[PDB]
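Trainee: My questions will all concern the structure given below.
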Amino acid sequence: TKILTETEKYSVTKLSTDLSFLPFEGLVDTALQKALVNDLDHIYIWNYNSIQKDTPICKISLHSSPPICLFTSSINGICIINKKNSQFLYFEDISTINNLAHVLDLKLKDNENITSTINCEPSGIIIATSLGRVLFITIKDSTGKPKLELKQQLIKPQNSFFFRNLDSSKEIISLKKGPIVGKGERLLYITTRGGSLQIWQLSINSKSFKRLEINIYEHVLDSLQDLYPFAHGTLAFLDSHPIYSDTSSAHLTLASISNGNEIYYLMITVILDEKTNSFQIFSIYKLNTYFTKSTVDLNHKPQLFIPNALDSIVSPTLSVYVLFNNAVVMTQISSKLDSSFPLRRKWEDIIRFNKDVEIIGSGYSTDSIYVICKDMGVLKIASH
């Protein structure tokens with residue numbers, strides 16, 4: 001494996017495995033040390049730490065666009081979600097393949113397509129659609145026999161609109177899993193483009209319910225506007241990520257604002273109080289190493305990663321990673337959130353990609369982030 005860069009502050013390393021087996025593409029790394037990529041025709045799964053030799057599992061789909069696939073624990077499993085098709089497929093065992101499956105018709109409107117999907121391992125899998133609908137789909141019983149079911153619809157499909165434009169406000173820009181809270185029960189964090197943040201509690205056997213909903217838009221916009229008058233009318237949230245692995249109190253969000261030409265990006269740290277159904281903005285950071293052009297197609301929505309927020313042990317400083325299609329922006333903020341003598345940002349840097357770089361996937365462990373590049377390979381990126 002090559003270290004491509006090893007600065008004082010960050011490093012980038014190309015992992016041993018090369019992507020020759022691949023001749024549009026799917027997008028997964030899990031911290032089961034497995035990478036996954038779909039064509040329209042096949043799925044390729046391999047251990048991205050293999051050390052310089054191919055052993056891809058190659059799985060066939062057929063005989064629209066490429067599906068979204070997700071790994072699921074053993075009783076390994078795989079979910080095959082079909083974006084437009086409205087069909088949901090599940091396999092208990094990769095090993096038990098044959099090529100030569102559990103099925104669920106999702107009841108989607110001709111309009112709507114799946115736009116996000118995550119895995120809340122004990123409770124179930126969560127689908128988000130282009131109409132702002134959020135479905136809770138299960139894999140098992142309580143005494144869990146493998147059988148999938150559309151257990152509950154957490155969020156309804158955005159009002160058949162009256163206009164040619166949608167309502168952007170209700171667009172789901174983040175599904176994140178929270179800690180476990182008992183048998184088959186886990187927290188879910190939903191965020192929308194209009195700055196609504198919901199904590200949901202999922203359950204296999206019970207009903208899932210919303211523990212909190214707030215909206216940060218007005219208060220955020222107010223915090224920016226004297227600095228950035230043009231934030232009015234352009235403020236839009238793009239992703240959200242909880243800062244702690246074990247509590248739901250705190251969240252980091254990613255937002256954009258636009259003057260005429262440029263689009264700038266900001267991150268707001270939010271602190272929820274579940275008791276008072278309130279929230280408070282701890283801080284705001286600007287990504288000064290990156291902006292965009294307004295004319296440019298923005299439809300590769302960026303991704304926010306906080307590796308430490310997968311960890312049981314909290315790090316003094318949080319390395320934060322934002323992944324655009326151009327680049328990965330890195331910055332570090334304290335994990336303290338105690339606003340007395342708060343230790344402010346000191347660092348930020350960017351890793352721009354050559355234009356012929358097509359990123360087909362990503363994931364992150366507790367130390368690093370990973371990015372799959374079509375003709376290049378997997379990269380482990382991390383800041384110090």
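Ordering of the structure tokens sets the chain letters (A, B, ...); residue numbers start at 1 within each chain; ligands are numbered from 1 in the order shown.
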If you run DSSP on the backbone, which residues of stretch 77-306 of chain A are strand (DSSP E), as a PyMOL selection string?
Mentor: chain A and resi 77-81+87-91+102-105+114-120+124-129+134-138+149-155+172-180+186-192+196-202+209-215+236-242+250-258+262-273+278-293+303-305
Trainee: Find the residues around residue A:208 up to 9 Å (only C-alpha atoms counted), leave out those fewer than 6 positions away in its own chain, and share them as a ChimeraX atom specification.
Mentor: /A:136,152,154,185,200-202
Trainee: To one decimal place in Å, what is the distance between atom CA of residue A:115 and atom CA of residue A:270?
Mentor: 24.8 Å
Trainee: Which one is closest to residue A:41: A:181, A:359, A:131, A:22? Count only C-alpha atoms.
Mentor: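 Among A:181, A:359, A:131, A:22, it is A:22 that comes nearest to residue A:41.
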Trainee: Write out as a PyMOL selection string each polymer residue whose atoms come within 6 Å of residue A:27, counting only C-alpha atoms; drop sequence neighbours fewer than 5 positions from it.
Mentor: chain A and resi 37+360-362
Trainee: Of the candidates A:317, A:39, A:156, A:382, which one gets nearest to residue A:64 if we count only C-alpha atoms?
Mentor: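 Going through A:317, A:39, A:156, A:382 one by one, the smallest distance to residue A:64 is for A:39.
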Trainee: When distances are computed from only C-alpha atoms, which of A:191, A:74, A:198, A:49 shows the smallest separation from residue A:15?
Mentor: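 That would be A:49, the residue with the smallest distance to residue A:15.
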Trainee: For residue A:358, which of A:335, A:325, A:111, A:340 is the closest residue, counting only C-alpha atoms?
Mentor: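 Closest residue, counting only C-alpha atoms: A:325.
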Trainee: Write out as a list in words the set of residues from stretch 193-295 of chain A that DSSP, computed on the backbone, places in alpha helix (DSSP H).
Mentor: residues 217, 218, 219, 220, 221, 222, 223, 224 and 225 of chain A
Trainee: Write to file, as a PDB file, in the first residue's frame, the residues of the selection just made, with C-alpha atoms.
Mentor:
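Output below, filename selection23.pdb:
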ATOM      1  CA  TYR A 217     -33.849  27.336  10.431  1.00  0.00           C
ATOM      2  CA  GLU A 218     -35.094  30.691  11.717  1.00  0.00           C
ATOM      3  CA  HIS A 219     -32.666  30.734  14.607  1.00  0.00           C
ATOM      4  CA  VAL A 220     -29.741  29.713  12.411  1.00  0.00           C
ATOM      5  CA  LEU A 221     -30.637  32.202   9.694  1.00  0.00           C
ATOM      6  CA  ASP A 222     -30.756  34.858  12.398  1.00  0.00           C
ATOM      7  CA  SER A 223     -27.268  33.903  13.606  1.00  0.00           C
ATOM      8  CA  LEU A 224     -25.837  34.292  10.078  1.00  0.00           C
ATOM      9  CA  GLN A 225     -27.674  37.183   8.601  1.00  0.00           C
TER      10      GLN A 225
END
Trainee: Could you list, as a count of residues only, every residue within 7 Å of residue A:123, counting only C-alpha atoms and ignoring same-chain residues fewer than 6 positions away?
Mentor: 7
Trainee: How many Å lie between atom CA of residue A:166 and atom CA of residue A:128, rounded to one decimal?
Mentor: 15.8 Å
Trainee: Given only C-alpha atoms as the basis, pick out the residue of A:259, A:331, A:174, A:72 nearest to residue A:116.
Mentor: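 Ranking A:259, A:331, A:174, A:72 by distance to residue A:116, first place goes to A:174.
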Trainee: Write out as a VMD selection string each polymer residue whose atoms come within 9 Å of stretch 85-94 of chain A, counting only C-alpha atoms; drop sequence neighbours fewer than 6 positions from it.
Mentor: chain A and resid 57 59 64 72 to 79 101 to 109 112 to 114 139 146 148
Trainee: Can you work out which one of A:332, A:47, A:38, A:299 has the shortest atom-to-atom distance to residue A:319, counting only C-alpha atoms?
Mentor: A:332
Trainee: Name all residues at most 12 Å from residue A:376 (count only C-alpha atoms; drop same-chain ones fewer than 2 positions away) and give them as a PDB file with N, CA, C and O atoms, in the first residue's frame.
Mentor:
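Full text of part_8.pdb as output:
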ATOM      1  N   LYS A   2       0.445   2.270  -0.792  1.00  0.00           N
ATOM      2  CA  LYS A   2       1.168   3.539  -0.884  1.00  0.00           C
ATOM      3  C   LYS A   2       0.564   4.588   0.046  1.00  0.00           C
ATOM      4  O   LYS A   2      -0.655   4.719   0.128  1.00  0.00           O
ATOM      5  N   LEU A   4       0.009   8.193  -0.138  1.00  0.00           N
ATOM      6  CA  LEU A   4       0.021   9.203  -1.186  1.00  0.00           C
ATOM      7  C   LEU A   4       0.470  10.547  -0.611  1.00  0.00           C
ATOM      8  O   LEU A   4       1.312  11.214  -1.208  1.00  0.00           O
ATOM      9  N   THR A  13      -3.827   7.433   2.085  1.00  0.00           N
ATOM     10  CA  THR A  13      -3.183   6.185   1.723  1.00  0.00           C
ATOM     11  C   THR A  13      -4.086   5.348   0.826  1.00  0.00           C
ATOM     12  O   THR A  13      -5.248   5.105   1.151  1.00  0.00           O
ATOM     13  N   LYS A  14      -3.527   4.898  -0.295  1.00  0.00           N
ATOM     14  CA  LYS A  14      -4.219   4.007  -1.212  1.00  0.00           C
ATOM     15  C   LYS A  14      -4.047   2.599  -0.696  1.00  0.00           C
ATOM     16  O   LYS A  14      -2.927   2.131  -0.535  1.00  0.00           O
ATOM     17  N   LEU A  15      -5.157   1.924  -0.444  1.00  0.00           N
ATOM     18  CA  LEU A  15      -5.102   0.570   0.076  1.00  0.00           C
ATOM     19  C   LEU A  15      -4.668  -0.419  -0.997  1.00  0.00           C
ATOM     20  O   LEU A  15      -4.741  -0.124  -2.183  1.00  0.00           O
ATOM     21  N   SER A  16      -4.233  -1.597  -0.560  1.00  0.00           N
ATOM     22  CA  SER A  16      -3.551  -2.565  -1.423  1.00  0.00           C
ATOM     23  C   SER A  16      -4.364  -3.009  -2.637  1.00  0.00           C
ATOM     24  O   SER A  16      -3.821  -3.155  -3.732  1.00  0.00           O
ATOM     25  N   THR A  17      -5.661  -3.223  -2.430  1.00  0.00           N
ATOM     26  CA  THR A  17      -6.542  -3.788  -3.449  1.00  0.00           C
ATOM     27  C   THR A  17      -6.718  -2.837  -4.620  1.00  0.00           C
ATOM     28  O   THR A  17      -6.912  -1.639  -4.427  1.00  0.00           O
ATOM     29  N   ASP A  18      -6.677  -3.371  -5.835  1.00  0.00           N
ATOM     30  CA  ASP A  18      -6.919  -2.538  -7.000  1.00  0.00           C
ATOM     31  C   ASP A  18      -8.267  -2.909  -7.635  1.00  0.00           C
ATOM     32  O   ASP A  18      -8.810  -4.015  -7.449  1.00  0.00           O
ATOM     33  N   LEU A  19      -8.809  -1.959  -8.378  1.00  0.00           N
ATOM     34  CA  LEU A  19     -10.167  -2.065  -8.887  1.00  0.00           C
ATOM     35  C   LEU A  19     -10.201  -2.475 -10.364  1.00  0.00           C
ATOM     36  O   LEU A  19     -10.943  -1.910 -11.159  1.00  0.00           O
ATOM     37  N   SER A  20      -9.411  -3.485 -10.717  1.00  0.00           N
ATOM     38  CA  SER A  20      -9.312  -3.946 -12.103  1.00  0.00           C
ATOM     39  C   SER A  20     -10.569  -4.693 -12.526  1.00  0.00           C
ATOM     40  O   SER A  20     -11.033  -4.541 -13.657  1.00  0.00           O
ATOM     41  N   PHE A  21     -11.100  -5.504 -11.612  1.00  0.00           N
ATOM     42  CA  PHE A  21     -12.318  -6.292 -11.851  1.00  0.00           C
ATOM     43  C   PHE A  21     -13.497  -5.477 -12.403  1.00  0.00           C
ATOM     44  O   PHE A  21     -14.275  -5.978 -13.222  1.00  0.00           O
ATOM     45  N   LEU A  22     -13.619  -4.224 -11.970  1.00  0.00           N
ATOM     46  CA  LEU A  22     -14.631  -3.314 -12.510  1.00  0.00           C
ATOM     47  C   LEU A  22     -14.254  -2.890 -13.937  1.00  0.00           C
ATOM     48  O   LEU A  22     -13.098  -2.506 -14.160  1.00  0.00           O
ATOM     49  N   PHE A 353      -9.556  16.748  -5.684  1.00  0.00           N
ATOM     50  CA  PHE A 353      -9.362  15.647  -6.586  1.00  0.00           C
ATOM     51  C   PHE A 353      -9.189  16.129  -8.022  1.00  0.00           C
ATOM     52  O   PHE A 353      -9.856  17.054  -8.484  1.00  0.00           O
ATOM     53  N   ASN A 354      -8.240  15.503  -8.702  1.00  0.00           N
ATOM     54  CA  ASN A 354      -8.108  15.575 -10.144  1.00  0.00           C
ATOM     55  C   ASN A 354      -9.499  15.409 -10.757  1.00  0.00           C
ATOM     56  O   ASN A 354     -10.335  14.690 -10.210  1.00  0.00           O
ATOM     57  N   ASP A 356     -10.629  13.877 -13.481  1.00  0.00           N
ATOM     58  CA  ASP A 356     -10.960  12.510 -13.905  1.00  0.00           C
ATOM     59  C   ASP A 356     -11.179  11.529 -12.732  1.00  0.00           C
ATOM     60  O   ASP A 356     -11.301  10.320 -12.949  1.00  0.00           O
ATOM     61  N   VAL A 357     -11.228  12.033 -11.500  1.00  0.00           N
ATOM     62  CA  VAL A 357     -11.550  11.191 -10.350  1.00  0.00           C
ATOM     63  C   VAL A 357     -13.062  11.113 -10.182  1.00  0.00           C
ATOM     64  O   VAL A 357     -13.716  12.135  -9.994  1.00  0.00           O
ATOM     65  N   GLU A 358     -13.599   9.898 -10.270  1.00  0.00           N
ATOM     66  CA  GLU A 358     -15.008   9.641 -10.024  1.00  0.00           C
ATOM     67  C   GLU A 358     -15.098   8.805  -8.755  1.00  0.00           C
ATOM     68  O   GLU A 358     -14.637   7.660  -8.707  1.00  0.00           O
ATOM     69  N   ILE A 359     -15.687   9.385  -7.721  1.00  0.00           N
ATOM     70  CA  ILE A 359     -15.831   8.684  -6.470  1.00  0.00           C
ATOM     71  C   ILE A 359     -17.111   7.898  -6.506  1.00  0.00           C
ATOM     72  O   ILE A 359     -18.175   8.450  -6.705  1.00  0.00           O
ATOM     73  N   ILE A 360     -16.996   6.594  -6.337  1.00  0.00           N
ATOM     74  CA  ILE A 360     -18.148   5.722  -6.453  1.00  0.00           C
ATOM     75  C   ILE A 360     -18.626   5.242  -5.102  1.00  0.00           C
ATOM     76  O   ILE A 360     -19.651   4.604  -5.025  1.00  0.00           O
ATOM     77  N   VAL A 371     -12.816   6.268   0.588  1.00  0.00           N
ATOM     78  CA  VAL A 371     -13.428   6.715  -0.673  1.00  0.00           C
ATOM     79  C   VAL A 371     -12.999   5.774  -1.790  1.00  0.00           C
ATOM     80  O   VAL A 371     -11.815   5.503  -1.951  1.00  0.00           O
ATOM     81  N   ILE A 372     -13.963   5.258  -2.541  1.00  0.00           N
ATOM     82  CA  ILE A 372     -13.672   4.362  -3.649  1.00  0.00           C
ATOM     83  C   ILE A 372     -13.571   5.184  -4.931  1.00  0.00           C
ATOM     84  O   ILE A 372     -14.481   5.927  -5.262  1.00  0.00           O
ATOM     85  N   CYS A 373     -12.473   5.036  -5.656  1.00  0.00           N
ATOM     86  CA  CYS A 373     -12.276   5.772  -6.899  1.00  0.00           C
ATOM     87  C   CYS A 373     -12.179   4.804  -8.058  1.00  0.00           C
ATOM     88  O   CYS A 373     -11.392   3.863  -8.014  1.00  0.00           O
ATOM     89  N   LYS A 374     -12.957   5.054  -9.107  1.00  0.00           N
ATOM     90  CA  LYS A 374     -13.248   4.030 -10.110  1.00  0.00           C
ATOM     91  C   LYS A 374     -12.007   3.335 -10.691  1.00  0.00           C
ATOM     92  O   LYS A 374     -11.908   2.102 -10.641  1.00  0.00           O
ATOM     93  N   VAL A 378      -9.278   2.307  -3.387  1.00  0.00           N
ATOM     94  CA  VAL A 378      -9.818   2.804  -2.120  1.00  0.00           C
ATOM     95  C   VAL A 378      -8.768   3.654  -1.420  1.00  0.00           C
ATOM     96  O   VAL A 378      -7.581   3.339  -1.448  1.00  0.00           O
ATOM     97  N   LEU A 379      -9.209   4.735  -0.788  1.00  0.00           N
ATOM     98  CA  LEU A 379      -8.307   5.596  -0.036  1.00  0.00           C
ATOM     99  C   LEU A 379      -8.751   5.728   1.397  1.00  0.00           C
ATOM    100  O   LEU A 379      -9.916   5.982   1.672  1.00  0.00           O
TER     101      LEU A 379
END
Trainee: Separation of atom CA of residue A:343 and atom CA of residue A:5, in Å?
Mentor: 28.0 Å
